[PDB]
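A short write-up of the structure that comes next.
Positions of Cβ are backbone-derived with ideal geometry, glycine not excepted, and every protein chain shown enters the neighbour counts. What follows is calculated from the coordinates using simple rules that are stated; it is not laboratory data.
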There are 4 protein chains.
Amino acid sequence: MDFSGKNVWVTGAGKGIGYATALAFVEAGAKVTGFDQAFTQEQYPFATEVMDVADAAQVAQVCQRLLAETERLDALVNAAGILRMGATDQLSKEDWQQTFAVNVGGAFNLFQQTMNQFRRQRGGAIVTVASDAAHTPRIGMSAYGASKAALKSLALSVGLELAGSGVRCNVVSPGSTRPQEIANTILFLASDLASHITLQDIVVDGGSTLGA
Amino acid sequence: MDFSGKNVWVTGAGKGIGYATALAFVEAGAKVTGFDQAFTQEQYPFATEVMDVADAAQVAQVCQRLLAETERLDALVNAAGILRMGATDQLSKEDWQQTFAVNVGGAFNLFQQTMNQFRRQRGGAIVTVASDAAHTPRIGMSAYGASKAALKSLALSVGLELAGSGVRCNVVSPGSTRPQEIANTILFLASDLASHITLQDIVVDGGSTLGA
Amino acid sequence: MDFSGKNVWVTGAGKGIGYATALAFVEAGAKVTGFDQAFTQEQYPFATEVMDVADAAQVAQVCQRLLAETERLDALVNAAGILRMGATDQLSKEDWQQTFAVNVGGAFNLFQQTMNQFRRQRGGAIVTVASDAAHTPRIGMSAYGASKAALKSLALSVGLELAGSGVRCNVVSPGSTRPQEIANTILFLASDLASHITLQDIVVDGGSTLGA
Amino acid sequence: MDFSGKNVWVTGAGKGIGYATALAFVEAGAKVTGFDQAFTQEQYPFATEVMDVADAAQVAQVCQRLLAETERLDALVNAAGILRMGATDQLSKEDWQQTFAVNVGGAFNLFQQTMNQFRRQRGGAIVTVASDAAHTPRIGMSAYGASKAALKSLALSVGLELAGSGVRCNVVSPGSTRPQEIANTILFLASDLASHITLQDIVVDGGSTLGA
């Protein structure tokens, strides 16, 4: 798609959608930094920064160091997330808390660290990965879906806060994990092809929500 | 509306919407228990139980005691909530955490304690008070709106989980606080007039969201 | 509900939802005029006016006569409609045309004849009966659902046009025909209990659309 | 994007979005047929067929001739439309009728002529151009918005009818006319990059609907 000379951040980049998206931006010519709670392999095709999105103080330290060295952040992709399933009244409190800590608190921490960069640079793009579970109640995914609804809500709110600065802020809502297809939708929303698309949420699940 | 002989629980009953709704159920003839983090006055027209919805262990103890004595819970109204405002990148971590702890975790704790009662009794009604902030991004209310989107999502998911048991589960989304009007909408959704209405969300804000 | 001293118009009043709603307003003490393409029985509990909503010139003549004699129109209920089913590529052109003529053109004609009354009187309520078919694609109901989506859209647009005059304009979306339950929802939306509810659409179908 | 060897139909191809989209498919290597009520210029870069989408008998003759000669229809883009504005009670009956005849009846006629081709070939893509007016009430656009809501509804219904045949059916909702940007979104939805996206509607209006 040609993101050459563009600086791109992708969270949850160690695995799944985040990894696929980081690889896609690399192939499109972008300078990519991938962030994750930890990295397993010894070698990655993008720059790696250990950063758990759920850890506010760590996100603070890492982002603050990186932003001091970068002239602009062309795209931020929030793709970190965890899935913990169970009936609402059977879900453990640990699972409930970690679900929200990662799925909502993570993007919140990123937004707290990056919003001023977006304001000052006056443009760029944010893509946040939610879930079709945020659109329709799914069996066993009450907490997951709820956290992903909060994430989508937060993403559009940040979109409104950054609209005056010319930042496009969109959401992708995948179904059950395919990662390469999600990556294609993220790249599109991050590209100049989508320059008048903001506050939108594209559901990529083969029509499962029937337009919801 | 005549809820005589009906057993009704209302959370956040010390003030605002919860109080207005508890009073309305009392006037309609219901046996009402009001719950709040604390009670200020010395006298209330409903039975009062100190219970912070955000405190899982307390919710456990109180609900478990009460359910052992009650044959059925005809209506549960989740009306506890807190509002903490600010730009996304300026909001304190304390405000972020308490927002979610109360606005989402609260109803989660109630659902964990009451879902089996609803299943076993095979019917009844749940009404959950969200916000129009969950429907459209509002300035200064990014976290509040996000928490209220999670709450609505969770409420509809519990609605789906309890649909087989004949429980109606609906949401009311008020604008900025009027409490008596919200109470009227809650009573309607809790009544037998609304017996085929479930998984719905009525926005009561004078059209502010333009149908969103 | 006590609509005594209120003047109420209900279209499609000869049968189904319109009839049930007209009867309910009569029982609540309202002065009711029912309108239909034709009336079958010899006796009705409301005043009857033969008026096919699809016939613009007839709607013009009837409404213009009636409005000259009435000081205010407290509630207008659009409940006329027809259902013609079939696969999209099998539906006859006659069925397609009549579907839109009645389901959309009907309310359009009413709005053309009544909007100035609402503006001049500065208040009142409009309730329009759409369908859950307008919310989610239903098998065999492509044209019906499409016409009902247009109707809902038109109703909210008229709601916006009349918001400055203090008119509340809401939609009820029933599932497959129960009429007494729909009537209860219409009366609620038309009442002073719902005075801060406008541009809303309540789906009454037992949760079939899963919140859509 | 490389649609070489793909056969693509675009309606409303003489001007605006339809023209821009037809040109874009040509540049991407597709075999393009453009359809319009009439063609003004003497020369176009795509094959042209005079066909008013609103004229069912003409659509029948033209489509039936063309389908007899084509092995597959890889993409259908419905981009015909007219805009007639005015307050609801001031809009002329001619404007009301033509709005629906073109904006809804047009795609209906195309669907009646092409659905069996899509079923038999077992795949392909449909993109239908609605409007952000279908998402939120806009001043002066009550009829236009209503017709575009019907169009979107019909498009998703056809999407459901063709889902079993592997056809992707999506909607693009532009704001006030930019055509090249809409064309980019249409090409994306028509491409194999979007192979798991169906029944979706992308609003391209710079965030005007605030996610609605």
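One table, with the values for the structure above:
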quantity	calculated
Positions within the stretch B:154-191 being among the polar types (S, T, N, Q) and touching a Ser or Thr at 6+ places or on another chain (Cβ under 8 Å), in sequence order	B:157, B:170, B:173
Qualifying position, being in a helix (DSSP H, G or I) and within 7 Å of chain D (Cβ to nearest Cβ), among C:146, C:155	C:146
Which numbered condition residue B:126 misses (of (1) buried (at least 23 other Cβ atoms within 10 Å of the Cβ); (2) over 15 Å from the mean Cα position of the chain (by Cα); (3) outside any helix (DSSP H, G or I))	(2)
In the stretch A:158-174, the residues that are part of a helix (DSSP H, G or I) and surrounded by fewer than 23 Cβ atoms within 10 Å (Cβ to Cβ)	A:160, A:161, A:163, A:164, A:165
Single unsatisfied condition, residue C:127 versus (1) in contact with a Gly (Cβ under 6 Å, 6 or more places away or on another chain); (2) farther than 15 Å from residue D:157 by Cβ; (3) not small (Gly, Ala, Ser)	(1)
Residue within the stretch D:79-102 that is closer than 18 Å to residue D:47 by Cα and within 14 Å of chain C (Cβ to nearest Cβ) present	no
Options D:187, D:199, D:160: the member that is within 13 Å of the chain's Cα centre (by Cα) and aliphatic (A, V, I, L, M)	D:187
Within the stretch B:82-99, tally of residues that are β-branched (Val, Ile, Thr) and not in a helix (DSSP H, G or I)	2
Some residue of the stretch A:63-71 being more than 10 Å from chain B (Cβ to nearest Cβ), in contact with a strand residue (DSSP E or B) (Cβ under 6 Å, 6 or more places away or on another chain), under 20 Å from residue A:162 (Cα atoms) and of a type in the set (D, E, K, R)	no
Hits in the stretch B:192-203 - residues which are over 17 Å from residue C:211 (Cα atoms) and either touching a strand residue (DSSP E or B) at 6+ places or on another chain (Cβ under 8 Å) or facing chain C (nearest Cβ under 7 Å) (or both)	B:193
Condition check for residue A:206: touching a helix residue (DSSP H, G or I) at 6+ places or on another chain (Cβ under 6 Å), part of a loop (DSSP other than H, G, I, E, B), more than 21 Å from residue A:74 (Cβ to Cβ) and at the interface with another protein chain (Cβ under 7 Å from one of its Cβ atoms)	no
Residue under evaluation residue C:189, criteria (1) out of contact with any helix residue (DSSP H, G or I) (no Cβ under 6 Å at 6 or more places or on another chain); (2) surrounded by fewer than 19 Cβ atoms within 10 Å (Cβ to Cβ); (3) more than 9 Å from every other protein chain (Cβ to nearest Cβ), criterion not met	(2)
The stretch D:175-203, residues that are part of a helix (DSSP H, G or I) and over 14 Å from residue D:24 (Cβ atoms)	D:192, D:193, D:194
Residue check, residue A:138 outside any helix (DSSP H, G or I), surrounded by fewer than 24 Cβ atoms within 10 Å (Cβ to Cβ) and within 14 Å of chain B (Cβ to nearest Cβ)	yes
Test: residue A:111 is within 14 Å of the chain's Cα centre (by Cα), within 14 Å of chain B (Cβ to nearest Cβ), of a type in the set (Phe, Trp, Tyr) and part of a helix (DSSP H, G or I)	yes
Hey, residue B:57 among the small types (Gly, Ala, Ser), over 20 Å from residue B:97 (Cβ atoms) and in a helix (DSSP H, G or I) or not	no
Output for the stretch D:192-212, where each listed residue is surrounded by fewer than 21 Cβ atoms within 10 Å (Cβ to Cβ) and more than 22 Å from residue A:156 (Cβ to Cβ)	D:192, D:193, D:195, D:196
The one condition in (1) closer than 21 Å to residue B:62 by Cβ; (2) more than 12 Å from chain A (Cβ to nearest Cβ) that residue B:122 fails to fulfil	(1)
Selection count where residues are closer than 16 Å to residue B:182 by Cβ, buried (at least 23 other Cβ atoms within 10 Å of the Cβ), hydrophobic (A, V, I, L, M, F, W, C) and within 14 Å of the chain's Cα centre (by Cα), scope the stretch B:1-24	5
Pair list, Cβ < 7 Å and 6+ apart or interchain, from the stretch B:16-40 residues that are among the polar types (S, T, N, Q) to residues that are in a loop (DSSP other than H, G, I, E, B)	B:21/B:79; B:33/B:46; B:37/B:52; B:40/B:14
Qualifying positions in the stretch B:68-81 - surrounded by 17 or more Cβ atoms within 10 Å (Cβ to Cβ) and either over 17 Å from the mean Cα position of the chain (by Cα) or in a loop (DSSP other than H, G, I, E, B) (or both)	B:73, B:74, B:79, B:80, B:81
Failed criterion for residue B:49 (all others in (1) assigned to a strand (DSSP E or B); (2) acidic (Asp, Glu); (3) farther than 28 Å from residue B:181 by Cα hold)	(3)
Every residue from the stretch C:160-185 that is of a type outside the set (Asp, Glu) and at the interface with chain D (Cβ under 7 Å from one of its Cβ atoms)	C:160
